[PDB]
């Protein structure tokens, strides 16, 4: 569970090396994009309940999945599904604030495809819902913060497929 700063520090330490110019380069590059990350981060927290309402509307609603015998039918399963959507968005914001995808390999995608094939959850409709969540966010944080954010939404999709 490392962000860009400790990633560089450990890579130094397995070599018993002090921080060289190359390491200082990578370091200053994070510190430069740093204010960018705090702002986009706020904009998502502020629009969280909302990104999710719009993403669900666009992909999941009025379909077979919400009608009886579908995995989102019953209130318990509708609420457990937008809970998952909350988890995806909160953790993609974390990994962007961090500069690094290891919180997502660690605390999110760690054997999720297995859990989803067990409970019988549709992965394709989830990747559908995440790609929409990808579109609504980028069209709210702006372009600089959006190339970056998208990477982490995309990292989730590739670990589910």
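Positions refer to the first chain, counted from 1.
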Looking only at C-alpha temperature factors in the entry, 34-42 or 111-119, the higher average sits in 111-119
Avg C-alpha B-factor, entry values, 51-59 vs 100-108, higher side is 100-108
Temperature factor at the Cα of residue 65, chain-ranked in thirds, falls in the highest
The third of the chain into which the C-alpha temperature factor of residue 9 falls is the lowest
By the entry's values, the third containing the CA B factor of residue 143 is the highest
